[PDB]
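Structure, as structure tokens:
Number of protein chains: 2
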Amino acid sequence: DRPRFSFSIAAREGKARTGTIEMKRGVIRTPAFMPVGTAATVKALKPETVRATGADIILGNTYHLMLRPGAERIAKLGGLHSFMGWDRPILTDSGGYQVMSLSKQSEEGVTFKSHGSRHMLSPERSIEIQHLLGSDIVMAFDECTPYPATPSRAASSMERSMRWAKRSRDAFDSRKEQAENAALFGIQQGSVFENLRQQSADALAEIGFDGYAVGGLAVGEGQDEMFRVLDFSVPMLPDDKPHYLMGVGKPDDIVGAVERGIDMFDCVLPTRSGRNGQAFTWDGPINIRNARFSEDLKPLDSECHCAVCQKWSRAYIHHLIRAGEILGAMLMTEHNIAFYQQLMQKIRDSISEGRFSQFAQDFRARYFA
Amino acid sequence: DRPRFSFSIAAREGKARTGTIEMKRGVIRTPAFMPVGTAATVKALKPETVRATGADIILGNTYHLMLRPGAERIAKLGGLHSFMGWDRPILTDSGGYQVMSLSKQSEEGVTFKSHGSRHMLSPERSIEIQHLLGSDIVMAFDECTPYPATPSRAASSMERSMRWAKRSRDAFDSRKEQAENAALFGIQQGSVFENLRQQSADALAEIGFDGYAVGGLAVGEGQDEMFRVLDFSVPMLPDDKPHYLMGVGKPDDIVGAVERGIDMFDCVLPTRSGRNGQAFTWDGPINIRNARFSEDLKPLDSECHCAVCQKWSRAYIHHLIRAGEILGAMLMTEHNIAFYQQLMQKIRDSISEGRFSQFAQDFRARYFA
Ligand SMILES: [Cl-]
Ligand SMILES: [Cl-]
Ligand SMILES: [Zn+2]
Ligand SMILES: [Zn+2]
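See the structure below:
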């Protein structure tokens, strides 16, 4: 009854869009934020809590899960959805970034040492691992180069990534169960160079994908440069397909990226920085460990609708985090993920109502005040 | 409308009793197990989850809370119940054991260094701290001696504890809000010596308390010796008041202690050992980290009614705990506390039905098989 993958744009304002991706396991409202669930858990949250915050889809990692607990093992246990208890869509990263980030490169693929066993990844093996996991949105396997990259290392990694994108496409299409029930996204590369981004976009559009990610950003280029690259890169992608900015980001990063045509986001910031004591508020981030919160009976944020802000004070959460208590990480993480989802809802509503430009201005004025 | 403290025994079988303690913040079904909430949290659980497992009352610690976040601070923030979000009864230990365990003794009290500021505790100060916390069941402040104690160190600590019990009684009665809304328990001491236990029981009964704890056990004496001391010590206490065995214990410890007349228990074992990978089952404890569980799709326990066993496999929880994931600690802890509460429910039902002797035999035969 439900479709494999149907993206519908309900409203536009400038370059920003809002709409839905319908998939067999559920609907994804866009612009969407995906909580990161690296090792088959969104850290410190039950899946029901992740859903309660408003998340429609989570992200899992091919590289981590292939090492622990193992992709064939997860398949034997019934797939990633059943294993971790999340029955809605899951997007899996292909492994390319973490192989470079955490762990021998050739045209066939890459061999590497686990962060210390030896493992192989290729476009075909990445697609097969994501099939074994049961991913709903499969990412093409690419080759990343560190930042800052020379123009030579940018062009060579990009063209190989495009050759690997065609191999990923073919491996995915060769697996009937995958091609009938999942979607495949290609990844635009080319670093900060407009002509390479164009060559990458053209190659991916020639192959044909369900969605297009902007890769190679959120690697330490600063917000000004990221926005500058998004300015020319997103219009190169097919307008009628979703645009996914990998690894981004801070709340203001997300707002500016939506203003430039991005529909999907993932980032560890709300979870990781929550465990570290950083809470997001409409008046900017706060560090709850600061002594100024020790007797503050207000919730983390005065407008937030999350269950944490309905029940517990800053003072209590300050105590938990300073004491190293697990409940501190749980409450900070639930609030931060809920805050991110409320940001996405405000973005979606304001685009639908044709007042997203004003929302972005009002958001920034208060958030950086 | 609700009474300050009303203990009713609904059924008996041998020395075992089952019934209720009615208090202003709720009813406590006995025999009762109290999850330990040391630093104003039952580790890795929201209070709603603690309640969902069946807990009627939790335990907090005078010694830890007076150091962090501070008793006057908690009172300024509205009391411990409001601070941590648990609106049901709270029993607070008086500080005597942790002062000895974790941190200069005289007849007036004890001075000590925090585990490194300097602090004072006396019967009057302990009662006042528990008043500031808003405890529902206040423990008399006593002087503990390490195990194994000589007969001289046992008698001297006990008689001082009895002098301190009268001072605790007087300080409690002097505080109208405390005396009208909370209860006060005295602590029997005397180590493994029958005559000292009798002198202690007589002194406490002369003073008069709402309930009577058996102190000085669960300090490394083994189950045989603990049971031997309970055999003669519990009958010395007033029959018409609750009997509280502090710091106990393993499931078989609890069953045997109920067989000897104990009504209330607290222990860190289900929480602490849950975080460490030990799950309690009706077939005995298992360590979920063991490789034998890596592909085991069964729940932690085949009969357990808890939400963890309804949803997740041993294999998943094995992965979480081996990966150091917070959700592993959350799920193990919820299951273990739920298992303890189901044990207490089975104990209560079997005493009510006059088949507790058979339950204890059936429990032990299966648990140690
Ligand atoms: Cl994270
Ligand atoms: Cl604990
Ligand atoms: Zn909130
Ligand atoms: Zn269970």
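As they're listed, the protein sequences go chains V and U.
Under the UniProt record's numbering, the residues of the first sequence are numbered 10 to 112, 116 to 127, 130 to 383, in order.
Under the UniProt record's numbering, the residues of the second sequence are numbered 10 to 112, 116 to 127, 130 to 383, in order.
Heads up, the beta-carbon is just placed ideally off N, CA and C, and yes, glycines get one too.
Find the residues of chain V that neighbour residue 273 of chain U, judging by a C-beta separation of less than 7 Å, and give them in chain order. In chain order: nothing, as chain V lies at least about 35 Å away.
I believe residue 323 of chain U touches residue 311 of chain U by the beta-carbon criterion, under 8 Å. Please report the beta-carbon distance rounded to the nearest angstrom. Contact doesn't hold; Cβ gap of about 12 Å is too wide.
Rounded straight-line distance, which links the Cα of residue 266 of chain V to that of residue 378 of chain V: 7 Å
Under 9 Å by beta carbon: chain U residues contacting residue 43 of chain V: The contacting residues do not exist; residue 43 of chain V stays about 18 Å from chain U at best.
Residue 94 of chain V: contacting residues in chain U (beta-carbon distance under 7 Å): 325, 326
Backbone CA spacing between residue 183 of chain U and residue 218 of chain U [nearest angstrom]: 10 Å
Residue 34 of chain V: contacting residues in chain U (beta-carbon distance under 9 Å): Going along chain U, no residue has its Cβ under 9 Å from residue 34 of chain V, so there is no contact; the nearest lies around 17 Å.
State the Cα-Cα distance for the pair residue 107 of chain U and residue 344 of chain U, rounded to the nearest angstrom. 26 Å
I need the residues with a C-beta less than 6 Å from some heavy atom of ligand 1; please give them in chain order. V:45, V:52, V:282, V:285, V:286
So if I threshold CB-CB distances at 7 Å, which residues from the stretch 77-110 of chain U count as touching chain V? 77, 78, 82, 85, 86, 92, 93, 94
Taking only three categories from DSSP, how would you classify residue 276 of chain U? coil
For residue 366 of chain U, name the three-state secondary structure that DSSP assigns. helix
Since residue 92 of chain U and residue 152 of chain U are thought to touch, with beta carbons under 8 Å apart, how far apart are those beta carbons, to the nearest angstrom? 17 Å between Cβ atoms; not a contact.
Nearest-angstrom Cβ-Cβ length linking residue 259 of chain V and residue 231 of chain V, presumed shorter than 8 Å: 7 Å
Residue 192 of chain U versus residue 79 of chain U: straight-line alpha-carbon distance, rounded: 19 Å
Identity of the residues DSSP links to residue 29 of chain U by a beta bridge: U:17, U:38
Which residue wins for smallest C-alpha separation from residue 47 of chain V, given the options V:333, V:76, V:298? V:76
Under DSSP, the beta strand (DSSP E) around residue 77 of chain V begins and ends at which residues? No beta strand (DSSP E) contains residue 77 of chain V, which DSSP labels as neither H nor E.
Please give me, in chain order, every unbroken run of the beta strand (DSSP E) with length at least 3 that falls completely inside the stretch 310-356 of chain V. none
Report yes if the C-beta of residue 228 of chain V is less than 7 Å from at least one heavy atom of ligand 3; otherwise report no. no
Count the CB pairs spanning the stretch 42-56 of chain U and the stretch 87-101 of chain U that are closer than 8 Å, and state whether there are at least three. yes
Beta-carbon within less than 8 Å of residue 13 of chain V's beta-carbon, same chain only, minus the 5 sequence neighbours each way: which residues are those? 32, 33, 194, 195, 196, 197
Minimum C-alpha distance to residue 129 of chain U - residue among U:10, U:22, U:16: Shown without residue 129 of chain U, the model has chain U running from 127 straight on to 130.
What span of residues does the alpha helix (DSSP H) with residue 150 of chain V cover, start to end? From DSSP, residue 150 of chain V is part of no alpha helix (DSSP H); its letter is neither H nor E.
Just the chain V side, please: which residues come within less than 9 Å of residue 340 of chain U by C-beta, in chain order? 50, 52, 53, 54, 289, 340, 343, 344, 347
Roughly how many angstroms separate the alpha carbons of residue 19 of chain V and residue 255 of chain V, rounded to a whole number? 13 Å
Partner residues on chain U for residue 127 of chain V, Cβ-Cβ distance less than 9 Å: Ordered by position in chain U, no residue passes the 9 Å Cβ test against residue 127 of chain V, which lies about 13 Å from the chain.
For residue 147 of chain U, would you say it is in contact with chain V, using Cβ-to-Cβ distances shorter than 8 Å as the test? no
Alpha carbon to alpha carbon, how far is residue 272 of chain V from residue 251 of chain V? Give it in angstroms, no decimals. 14 Å
Residue 236 of chain V by DSSP, collapsed to three states: which one? helix
At the 8 Å Cβ level, is residue 257 of chain U part of the contact set with chain V, yes or no? no
What I want to know is whether the C-beta of residue 307 of chain V ends up closer than 7 Å to one or more non-hydrogen atoms of ligand 3. no
Chain U within 8 Å of residue 309 of chain V, Cβ atoms only: yes
In chain V, which residues lie with their C-beta within 7 Å of the C-beta of residue 330 of chain U? 92, 93
Helix, strand or coil at residue 227 of chain U [DSSP, three-state]: strand
Run through chain V and tell me which residues come within less than 7 Å of residue 337 of chain U, C-beta to C-beta. 48, 77
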